[PDB]
$ cat upload11.csv   # CSV, N, CA, C and O atoms and all ligand atoms
chain,number,residue,atom,x,y,z
A,20,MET,N,94.5,82.5,122.2
A,20,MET,CA,95.5,82.6,121.0
A,20,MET,C,94.8,83.1,119.8
A,20,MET,O,93.5,83.1,119.7
A,21,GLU,N,95.5,83.5,118.8
A,21,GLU,CA,95.0,84.0,117.5
A,21,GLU,C,95.5,83.1,116.4
A,21,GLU,O,96.6,82.7,116.4
A,22,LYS,N,94.6,82.9,115.4
A,22,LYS,CA,95.1,82.1,114.2
A,22,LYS,C,96.0,82.9,113.3
A,22,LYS,O,95.7,84.1,113.1
A,23,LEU,N,97.1,82.3,112.9
A,23,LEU,CA,98.0,82.9,112.0
A,23,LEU,C,97.6,82.5,110.5
A,23,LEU,O,97.6,81.4,110.2
A,24,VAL,N,97.3,83.5,109.7
A,24,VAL,CA,96.8,83.3,108.4
A,24,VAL,C,97.9,83.6,107.4
A,24,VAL,O,98.9,84.3,107.7
A,25,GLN,N,97.7,83.2,106.1
A,25,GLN,CA,98.7,83.3,105.1
A,25,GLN,C,98.2,83.9,103.9
A,25,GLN,O,97.6,83.3,103.0
A,26,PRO,N,98.4,85.2,103.7
A,26,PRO,CA,97.9,86.0,102.5
A,26,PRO,C,98.5,85.4,101.2
A,26,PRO,O,99.7,85.1,101.2
A,27,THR,N,97.6,85.3,100.2
A,27,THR,CA,98.1,84.9,98.9
A,27,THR,C,98.9,86.0,98.2
A,27,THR,O,99.0,87.1,98.8
A,28,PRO,N,99.6,85.8,97.1
A,28,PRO,CA,100.6,86.7,96.6
A,28,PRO,C,100.3,88.2,96.5
A,28,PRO,O,101.0,89.0,97.0
A,29,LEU,N,99.1,88.5,95.9
A,29,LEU,CA,98.8,89.9,95.7
A,29,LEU,C,98.6,90.6,97.0
A,29,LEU,O,99.3,91.6,97.3
A,30,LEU,N,97.8,90.1,97.9
A,30,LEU,CA,97.5,90.7,99.2
A,30,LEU,C,98.8,90.8,100.0
A,30,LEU,O,99.1,91.9,100.5
A,31,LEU,N,99.6,89.8,100.0
A,31,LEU,CA,100.9,89.8,100.7
A,31,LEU,C,101.8,90.9,100.1
A,31,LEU,O,102.5,91.6,100.9
A,32,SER,N,101.8,91.2,98.8
A,32,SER,CA,102.6,92.2,98.2
A,32,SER,C,102.2,93.6,98.7
A,32,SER,O,103.1,94.4,98.9
A,33,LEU,N,100.9,93.8,98.9
A,33,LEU,CA,100.4,95.1,99.3
A,33,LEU,C,100.8,95.3,100.8
A,33,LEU,O,101.1,96.4,101.2
A,34,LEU,N,100.7,94.2,101.6
A,34,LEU,CA,101.1,94.3,103.0
A,34,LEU,C,102.6,94.6,103.2
A,34,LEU,O,102.9,95.5,104.0
A,35,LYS,N,103.4,94.0,102.4
A,35,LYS,CA,104.8,94.2,102.5
A,35,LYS,C,105.2,95.6,102.0
A,35,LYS,O,106.2,96.2,102.5
A,36,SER,N,104.5,96.1,101.0
A,36,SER,CA,104.8,97.5,100.5
A,36,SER,C,104.4,98.5,101.6
A,36,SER,O,105.0,99.6,101.7
A,37,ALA,N,103.5,98.1,102.5
A,37,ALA,CA,103.1,98.9,103.6
A,37,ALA,C,104.1,98.8,104.8
A,37,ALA,O,104.0,99.5,105.8
A,38,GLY,N,105.0,97.8,104.7
A,38,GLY,CA,106.0,97.7,105.8
A,38,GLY,C,106.1,96.3,106.4
A,38,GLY,O,107.0,96.0,107.2
A,39,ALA,N,105.1,95.5,106.1
A,39,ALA,CA,105.0,94.1,106.7
A,39,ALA,C,106.3,93.3,106.3
A,39,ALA,O,106.8,93.5,105.2
A,40,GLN,N,106.7,92.5,107.2
A,40,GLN,CA,108.0,91.8,107.0
A,40,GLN,C,107.9,90.2,107.0
A,40,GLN,O,108.9,89.6,106.6
A,41,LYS,N,106.8,89.7,107.4
A,41,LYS,CA,106.7,88.2,107.4
A,41,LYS,C,105.6,87.6,106.4
A,41,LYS,O,105.1,88.4,105.6
A,42,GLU,N,105.4,86.4,106.6
A,42,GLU,CA,104.4,85.7,105.6
A,42,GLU,C,103.1,85.2,106.3
A,42,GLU,O,102.2,85.0,105.6
A,43,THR,N,103.1,85.1,107.6
A,43,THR,CA,101.8,84.8,108.3
A,43,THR,C,101.5,85.9,109.3
A,43,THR,O,102.4,86.4,110.0
A,44,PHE,N,100.2,86.2,109.5
A,44,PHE,CA,99.7,87.3,110.3
A,44,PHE,C,98.5,86.9,111.1
A,44,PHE,O,97.7,86.0,110.6
A,45,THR,N,98.2,87.5,112.2
A,45,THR,CA,96.8,87.4,112.7
A,45,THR,C,95.9,88.3,111.8
A,45,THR,O,96.4,89.1,111.1
A,46,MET,N,94.6,88.1,111.9
A,46,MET,CA,93.7,89.0,111.1
A,46,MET,C,93.9,90.4,111.5
A,46,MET,O,93.8,91.3,110.7
A,47,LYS,N,94.1,90.7,112.8
A,47,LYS,CA,94.4,92.0,113.3
A,47,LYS,C,95.6,92.7,112.6
A,47,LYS,O,95.6,93.8,112.2
A,48,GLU,N,96.6,91.9,112.4
A,48,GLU,CA,97.8,92.4,111.8
A,48,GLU,C,97.6,92.6,110.3
A,48,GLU,O,98.1,93.6,109.7
A,49,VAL,N,96.9,91.7,109.6
A,49,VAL,CA,96.5,91.9,108.2
A,49,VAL,C,95.8,93.2,108.0
A,49,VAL,O,96.2,94.0,107.2
A,50,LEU,N,94.7,93.4,108.8
A,50,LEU,CA,93.9,94.6,108.7
A,50,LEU,C,94.8,95.9,109.0
A,50,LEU,O,94.6,96.9,108.3
A,51,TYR,N,95.6,95.8,110.0
A,51,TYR,CA,96.4,97.0,110.3
A,51,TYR,C,97.3,97.4,109.2
A,51,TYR,O,97.3,98.6,108.8
A,52,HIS,N,98.0,96.5,108.6
A,52,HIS,CA,98.9,96.8,107.5
A,52,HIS,C,98.2,97.2,106.2
A,52,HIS,O,98.6,98.1,105.5
A,53,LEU,N,97.0,96.6,106.0
A,53,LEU,CA,96.2,97.0,104.9
A,53,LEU,C,95.7,98.4,105.1
A,53,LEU,O,95.7,99.2,104.1
A,54,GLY,N,95.4,98.8,106.3
A,54,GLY,CA,95.0,100.2,106.6
A,54,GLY,C,96.1,101.1,106.3
A,54,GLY,O,96.0,102.2,105.8
A,55,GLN,N,97.3,100.7,106.7
A,55,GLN,CA,98.5,101.5,106.5
A,55,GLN,C,98.8,101.7,105.0
A,55,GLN,O,99.2,102.7,104.5
A,56,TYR,N,98.6,100.6,104.2
A,56,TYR,CA,98.7,100.7,102.7
A,56,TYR,C,97.8,101.7,102.2
A,56,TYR,O,98.2,102.6,101.3
A,57,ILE,N,96.5,101.7,102.6
A,57,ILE,CA,95.5,102.6,102.1
A,57,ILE,C,95.9,104.1,102.5
A,57,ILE,O,95.7,105.0,101.6
A,58,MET,N,96.4,104.3,103.7
A,58,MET,CA,96.8,105.6,104.0
A,58,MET,C,98.0,106.1,103.2
A,58,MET,O,98.1,107.2,102.7
A,59,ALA,N,99.0,105.2,103.0
A,59,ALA,CA,100.2,105.5,102.2
A,59,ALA,C,99.8,105.8,100.7
A,59,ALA,O,100.4,106.7,100.2
A,60,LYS,N,98.9,105.1,100.2
A,60,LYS,CA,98.5,105.3,98.8
A,60,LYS,C,97.5,106.4,98.6
A,60,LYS,O,97.1,106.8,97.5
A,61,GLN,N,97.0,107.0,99.8
A,61,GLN,CA,96.0,108.0,99.8
A,61,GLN,C,94.7,107.6,99.0
A,61,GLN,O,94.2,108.3,98.2
A,62,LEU,N,94.3,106.3,99.3
A,62,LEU,CA,93.1,105.8,98.6
A,62,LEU,C,91.8,106.3,99.2
A,62,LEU,O,90.7,106.1,98.7
A,63,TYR,N,91.9,106.8,100.4
A,63,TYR,CA,90.7,107.2,101.1
A,63,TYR,C,90.1,108.5,100.5
A,63,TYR,O,90.8,109.3,99.9
A,64,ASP,N,88.8,108.6,100.6
A,64,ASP,CA,88.1,109.8,100.1
A,64,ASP,C,88.4,111.0,100.9
A,64,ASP,O,88.3,111.0,102.1
A,65,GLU,N,88.7,112.1,100.2
A,65,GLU,CA,89.1,113.4,100.8
A,65,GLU,C,88.0,113.9,101.7
A,65,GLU,O,88.2,114.4,102.8
A,66,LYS,N,86.7,113.8,101.3
A,66,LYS,CA,85.6,114.4,102.0
A,66,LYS,C,84.9,113.5,103.0
A,66,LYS,O,84.5,113.9,104.0
A,67,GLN,N,84.7,112.2,102.6
A,67,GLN,CA,84.2,111.2,103.5
A,67,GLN,C,85.3,110.1,103.7
A,67,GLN,O,85.4,109.2,103.0
A,68,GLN,N,86.1,110.3,104.8
A,68,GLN,CA,87.4,109.6,104.9
A,68,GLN,C,87.3,108.2,105.2
A,68,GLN,O,88.3,107.5,105.2
A,69,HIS,N,86.1,107.7,105.6
A,69,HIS,CA,85.9,106.3,105.8
A,69,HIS,C,85.7,105.5,104.5
A,69,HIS,O,85.7,104.3,104.5
A,70,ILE,N,85.6,106.2,103.4
A,70,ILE,CA,85.4,105.6,102.1
A,70,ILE,C,86.7,105.4,101.4
A,70,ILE,O,87.6,106.2,101.4
A,71,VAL,N,86.9,104.2,100.9
A,71,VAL,CA,88.2,103.8,100.2
A,71,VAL,C,88.0,103.6,98.7
A,71,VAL,O,87.1,102.8,98.3
A,72,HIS,N,88.8,104.3,97.9
A,72,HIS,CA,88.7,104.2,96.5
A,72,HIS,C,89.7,103.3,95.9
A,72,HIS,O,90.9,103.5,96.1
A,73,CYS,N,89.3,102.2,95.2
A,73,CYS,CA,90.2,101.2,94.7
A,73,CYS,C,90.3,101.1,93.2
A,73,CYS,O,91.1,100.4,92.6
A,74,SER,N,89.4,101.9,92.5
A,74,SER,CA,89.3,101.9,91.1
A,74,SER,C,90.6,102.2,90.4
A,74,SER,O,90.8,101.8,89.2
A,75,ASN,N,91.5,102.9,91.0
A,75,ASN,CA,92.8,103.3,90.4
A,75,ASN,C,94.0,102.6,90.9
A,75,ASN,O,95.1,103.0,90.7
A,76,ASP,N,93.8,101.6,91.7
A,76,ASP,CA,94.8,100.9,92.5
A,76,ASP,C,94.7,99.4,92.4
A,76,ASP,O,93.6,98.9,92.2
A,77,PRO,N,95.8,98.6,92.5
A,77,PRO,CA,95.8,97.2,92.4
A,77,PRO,C,94.9,96.6,93.6
A,77,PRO,O,94.4,95.4,93.4
A,78,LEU,N,94.7,97.3,94.6
A,78,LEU,CA,93.8,96.9,95.7
A,78,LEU,C,92.4,96.6,95.1
A,78,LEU,O,91.7,95.7,95.5
A,79,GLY,N,92.1,97.3,94.0
A,79,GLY,CA,90.8,97.1,93.3
A,79,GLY,C,90.6,95.7,92.7
A,79,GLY,O,89.6,95.1,92.7
A,80,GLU,N,91.7,95.2,92.1
A,80,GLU,CA,91.7,93.9,91.6
A,80,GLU,C,91.6,92.8,92.7
A,80,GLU,O,90.8,91.9,92.7
A,81,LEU,N,92.5,93.0,93.7
A,81,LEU,CA,92.6,92.1,94.8
A,81,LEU,C,91.2,91.8,95.5
A,81,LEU,O,90.8,90.7,95.5
A,82,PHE,N,90.6,92.9,95.9
A,82,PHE,CA,89.3,92.7,96.6
A,82,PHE,C,88.2,92.4,95.6
A,82,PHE,O,87.3,91.6,95.9
A,83,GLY,N,88.2,93.0,94.4
A,83,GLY,CA,87.2,92.8,93.4
A,83,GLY,C,86.1,93.8,93.5
A,83,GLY,O,84.9,93.5,93.2
A,84,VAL,N,86.4,95.0,94.0
A,84,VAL,CA,85.4,96.1,94.2
A,84,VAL,C,86.0,97.4,93.6
A,84,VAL,O,87.1,97.4,93.1
A,85,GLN,N,85.1,98.4,93.7
A,85,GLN,CA,85.6,99.7,93.3
A,85,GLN,C,85.7,100.7,94.5
A,85,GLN,O,86.6,101.4,94.7
A,86,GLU,N,84.7,100.6,95.4
A,86,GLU,CA,84.7,101.3,96.7
A,86,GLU,C,84.2,100.5,97.8
A,86,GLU,O,83.4,99.6,97.6
A,87,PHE,N,84.8,100.7,99.0
A,87,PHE,CA,84.2,100.2,100.2
A,87,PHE,C,84.5,101.2,101.4
A,87,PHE,O,85.4,102.0,101.3
A,88,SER,N,83.6,101.1,102.4
A,88,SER,CA,83.8,101.9,103.6
A,88,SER,C,84.4,101.1,104.7
A,88,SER,O,84.1,99.9,104.8
A,89,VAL,N,85.3,101.7,105.5
A,89,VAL,CA,86.0,101.0,106.6
A,89,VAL,C,85.0,100.6,107.7
A,89,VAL,O,85.3,100.0,108.7
A,90,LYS,N,83.7,101.0,107.5
A,90,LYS,CA,82.7,100.6,108.4
A,90,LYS,C,82.1,99.2,108.1
A,90,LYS,O,81.5,98.6,108.9
A,91,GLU,N,82.4,98.8,106.9
A,91,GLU,CA,81.9,97.5,106.4
A,91,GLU,C,82.8,96.3,106.8
A,91,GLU,O,83.5,95.8,105.9
A,92,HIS,N,82.9,96.0,108.1
A,92,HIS,CA,83.9,95.1,108.6
A,92,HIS,C,83.7,93.6,108.1
A,92,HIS,O,84.6,92.9,107.8
A,93,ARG,N,82.4,93.2,107.9
A,93,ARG,CA,82.1,91.9,107.4
A,93,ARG,C,82.5,91.8,106.0
A,93,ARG,O,83.1,90.7,105.6
A,94,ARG,N,82.3,92.8,105.2
A,94,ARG,CA,82.7,92.8,103.8
A,94,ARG,C,84.2,92.8,103.7
A,94,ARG,O,84.7,92.0,102.8
A,95,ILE,N,84.9,93.5,104.5
A,95,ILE,CA,86.3,93.6,104.5
A,95,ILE,C,87.0,92.2,104.9
A,95,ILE,O,87.9,91.8,104.3
A,96,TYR,N,86.4,91.6,105.9
A,96,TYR,CA,86.8,90.3,106.3
A,96,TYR,C,86.6,89.3,105.2
A,96,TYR,O,87.5,88.4,105.0
A,97,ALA,N,85.5,89.4,104.5
A,97,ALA,CA,85.2,88.4,103.5
A,97,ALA,C,86.2,88.6,102.3
A,97,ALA,O,86.7,87.6,101.8
A,98,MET,N,86.5,89.9,102.0
A,98,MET,CA,87.5,90.1,100.9
A,98,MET,C,88.9,89.6,101.3
A,98,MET,O,89.6,89.1,100.4
A,99,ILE,N,89.3,89.7,102.5
A,99,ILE,CA,90.5,89.1,103.0
A,99,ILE,C,90.6,87.6,102.9
A,99,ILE,O,91.5,87.0,102.5
A,100,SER,N,89.5,87.0,103.4
A,100,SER,CA,89.4,85.5,103.4
A,100,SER,C,89.5,84.9,102.0
A,100,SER,O,90.0,83.8,101.9
A,101,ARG,N,89.1,85.6,101.0
A,101,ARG,CA,89.2,85.2,99.7
A,101,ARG,C,90.7,85.2,99.2
A,101,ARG,O,91.0,84.6,98.2
A,102,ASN,N,91.5,85.9,100.0
A,102,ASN,CA,92.9,86.0,99.7
A,102,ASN,C,93.9,85.5,100.7
A,102,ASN,O,94.9,86.0,101.0
A,103,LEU,N,93.4,84.4,101.3
A,103,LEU,CA,94.3,83.6,102.2
A,103,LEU,C,94.5,82.2,101.6
A,103,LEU,O,93.6,81.7,100.9
A,104,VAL,N,95.7,81.6,101.7
A,104,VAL,CA,96.0,80.3,101.4
A,104,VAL,C,95.0,79.3,102.2
A,104,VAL,O,95.1,79.4,103.4
A,105,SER,N,94.3,78.5,101.5
A,105,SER,CA,93.3,77.6,102.2
A,105,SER,C,93.9,76.3,102.4
A,105,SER,O,95.1,76.0,102.0
B,1,LIG,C1,87.8,108.1,109.9
B,1,LIG,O1,88.7,107.5,109.0
B,1,LIG,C2,89.1,106.2,109.2
B,1,LIG,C3,88.6,105.6,110.4
B,1,LIG,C4,89.0,104.3,110.6
B,1,LIG,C5,89.9,103.6,109.7
B,1,LIG,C6,90.3,102.2,110.0
B,1,LIG,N1,89.6,101.3,110.6
B,1,LIG,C7,90.3,100.1,110.8
B,1,LIG,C8,89.6,98.8,110.5
B,1,LIG,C9,88.7,98.8,109.4
B,1,LIG,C10,88.0,97.6,109.1
B,1,LIG,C11,88.2,96.5,109.9
B,1,LIG,CL1,87.5,95.0,109.6
B,1,LIG,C12,89.0,96.5,111.1
B,1,LIG,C13,89.7,97.7,111.3
B,1,LIG,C14,91.6,100.3,109.9
B,1,LIG,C15,91.5,99.6,108.5
B,1,LIG,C16,91.8,98.2,108.4
B,1,LIG,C17,91.7,97.6,107.2
B,1,LIG,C18,91.2,98.3,106.1
B,1,LIG,CL2,90.9,97.5,104.6
B,1,LIG,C19,90.9,99.7,106.2
B,1,LIG,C20,91.0,100.3,107.4
B,1,LIG,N2,91.6,101.7,109.7
B,1,LIG,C21,92.8,102.4,109.6
B,1,LIG,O2,93.7,101.9,109.0
B,1,LIG,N3,92.9,103.7,110.2
B,1,LIG,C22,92.2,104.0,111.5
B,1,LIG,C23,92.9,105.1,112.3
B,1,LIG,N4,94.4,104.9,112.1
B,1,LIG,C24,94.9,104.7,110.9
B,1,LIG,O3,96.2,104.5,110.8
B,1,LIG,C25,94.0,104.6,109.8
B,1,LIG,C26,90.3,104.3,108.6
B,1,LIG,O4,91.1,103.6,107.7
B,1,LIG,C27,91.6,104.4,106.6
B,1,LIG,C28,92.9,103.8,106.1
B,1,LIG,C29,90.6,104.4,105.4
B,1,LIG,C30,90.0,105.6,108.3

$ encode --input "upload11.csv" --output "structure tokens"
Amino acid sequence: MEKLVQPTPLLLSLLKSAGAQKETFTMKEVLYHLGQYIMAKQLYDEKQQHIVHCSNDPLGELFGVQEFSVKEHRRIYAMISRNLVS
């Protein structure tokens, strides 16, 4: 089985803008919708497309960074865990 987690308000709002419909998700579902948000907002770098630019988007406040690479899975997981109801 997989644990169902509960995104805090800001993260949840970004997930729902990407199409998410519920309030609890597996981590796989959180990541998927977050990736969809990034694609929709065109936050990825044009030239190195694994790089995500947050400096001009609310995602930047949420995570607390300016850029991250989708290769940094531990960093991304950490940023998400900071934004779950404990
Ligand atoms: C070569 O370009 C790529 C390569 C891989 C990813 C990626 N890889 C996936 C991923 C990344 C990190 C983790 Cl921890 C798990 C899965 C997933 C994802 C999930 C969460 C976040 Cl915050 C960002 C991306 N994520 C994506 O969402 N992708 C993958 C392919 N299909 C998509 O719809 C876009 C990618 O994401 C963009 C949105 C930047 C771009």

$ residues_near_ligand --input "upload11.csv" --ligand "ligand LIG 1 (chain B)" --cutoff "8 Å" --atoms "only N, CA, C and O atoms and all ligand atoms" --output "ChimeraX atom specification"
/A:46-59,62-64,67-72,87-97

$ closest_residue --input "upload11.csv" --among "A:74, A:99, A:61, A:105" --to "residue 30 in chain A" --atoms "all atoms listed in the file"
A:99

$ select_by_dssp --input "upload11.csv" --residues "chain A" --states "helix (DSSP H, G or I)" --output "VMD selection string"
chain A and resid 28 to 36 46 to 60 78 to 82 92 to 100

$ atom_distance --input "upload11.csv" --atom1 "atom C of residue 43 in chain A" --atom2 "atom C of residue 22 in chain A"
7.4 Å

$ closest_residue --input "upload11.csv" --among "A:33, A:60, A:104, A:73" --to "residue 85 in chain A" --atoms "all atoms listed in the file"
A:73

$ select_by_dssp --input "upload11.csv" --residues "chain A" --states "strand (DSSP E or B)" --output "short mmCIF file (atom, residue, chain, number, x, y, z; two decimals) with N, CA, C and O atoms, in the frame of the given file"
data_model
loop_
_atom_site.label_atom_id
_atom_site.label_comp_id
_atom_site.auth_asym_id
_atom_site.auth_seq_id
_atom_site.Cartn_x
_atom_site.Cartn_y
_atom_site.Cartn_z
N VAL A 24 97.30 83.50 109.70
CA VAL A 24 96.80 83.30 108.40
C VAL A 24 97.90 83.60 107.40
O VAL A 24 98.90 84.30 107.70
N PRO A 26 98.40 85.20 103.70
CA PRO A 26 97.90 86.00 102.50
C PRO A 26 98.50 85.40 101.20
O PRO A 26 99.70 85.10 101.20
N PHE A 44 100.20 86.20 109.50
CA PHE A 44 99.70 87.30 110.30
C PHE A 44 98.50 86.90 111.10
O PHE A 44 97.70 86.00 110.60
N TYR A 63 91.90 106.80 100.40
CA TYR A 63 90.70 107.20 101.10
C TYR A 63 90.10 108.50 100.50
O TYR A 63 90.80 109.30 99.90
N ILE A 70 85.60 106.20 103.40
CA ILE A 70 85.40 105.60 102.10
C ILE A 70 86.70 105.40 101.40
O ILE A 70 87.60 106.20 101.40
N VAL A 71 86.90 104.20 100.90
CA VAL A 71 88.20 103.80 100.20
C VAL A 71 88.00 103.60 98.70
O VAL A 71 87.10 102.80 98.30
N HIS A 72 88.80 104.30 97.90
CA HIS A 72 88.70 104.20 96.50
C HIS A 72 89.70 103.30 95.90
O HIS A 72 90.90 103.50 96.10
N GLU A 86 84.70 100.60 95.40
CA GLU A 86 84.70 101.30 96.70
C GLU A 86 84.20 100.50 97.80
O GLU A 86 83.40 99.60 97.60
N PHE A 87 84.80 100.70 99.00
CA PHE A 87 84.20 100.20 100.20
C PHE A 87 84.50 101.20 101.40
O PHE A 87 85.40 102.00 101.30
N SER A 88 83.60 101.10 102.40
CA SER A 88 83.80 101.90 103.60
C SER A 88 84.40 101.10 104.70
O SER A 88 84.10 99.90 104.80
N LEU A 103 93.40 84.40 101.30
CA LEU A 103 94.30 83.60 102.20
C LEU A 103 94.50 82.20 101.60
O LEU A 103 93.60 81.70 100.90
#

$ atom_distance --input "upload11.csv" --atom1 "CA of residue 29 in chain A" --atom2 "CA of residue 41 in chain A"
14.2 Å

$ atom_distance --input "upload11.csv" --atom1 "atom N of residue 32 in chain A" --atom2 "CA of residue 84 in chain A"
17.7 Å

$ residues_around --input "upload11.csv" --residues "residue 28 in chain A" --least-positions-apart "3" --cutoff "10 Å" --atoms "only C-alpha atoms" --output "tab-separated table (two decimals) with N, CA, C and O atoms, in the frame of the given file"
chain	number	residue	atom	x	y	z
A	25	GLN	N	97.70	83.20	106.10
A	25	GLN	CA	98.70	83.30	105.10
A	25	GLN	C	98.20	83.90	103.90
A	25	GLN	O	97.60	83.30	103.00
A	31	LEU	N	99.60	89.80	100.00
A	31	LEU	CA	100.90	89.80	100.70
A	31	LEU	C	101.80	90.90	100.10
A	31	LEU	O	102.50	91.60	100.90
A	32	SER	N	101.80	91.20	98.80
A	32	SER	CA	102.60	92.20	98.20
A	32	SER	C	102.20	93.60	98.70
A	32	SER	O	103.10	94.40	98.90
A	33	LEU	N	100.90	93.80	98.90
A	33	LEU	CA	100.40	95.10	99.30
A	33	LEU	C	100.80	95.30	100.80
A	33	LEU	O	101.10	96.40	101.20
A	34	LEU	N	100.70	94.20	101.60
A	34	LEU	CA	101.10	94.30	103.00
A	34	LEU	C	102.60	94.60	103.20
A	34	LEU	O	102.90	95.50	104.00
A	42	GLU	N	105.40	86.40	106.60
A	42	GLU	CA	104.40	85.70	105.60
A	42	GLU	C	103.10	85.20	106.30
A	42	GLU	O	102.20	85.00	105.60
A	81	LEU	N	92.50	93.00	93.70
A	81	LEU	CA	92.60	92.10	94.80
A	81	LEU	C	91.20	91.80	95.50
A	81	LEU	O	90.80	90.70	95.50
A	102	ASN	N	91.50	85.90	100.00
A	102	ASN	CA	92.90	86.00	99.70
A	102	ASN	C	93.90	85.50	100.70
A	102	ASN	O	94.90	86.00	101.00
A	103	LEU	N	93.40	84.40	101.30
A	103	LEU	CA	94.30	83.60	102.20
A	103	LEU	C	94.50	82.20	101.60
A	103	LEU	O	93.60	81.70	100.90
A	104	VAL	N	95.70	81.60	101.70
A	104	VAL	CA	96.00	80.30	101.40
A	104	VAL	C	95.00	79.30	102.20
A	104	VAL	O	95.10	79.40	103.40
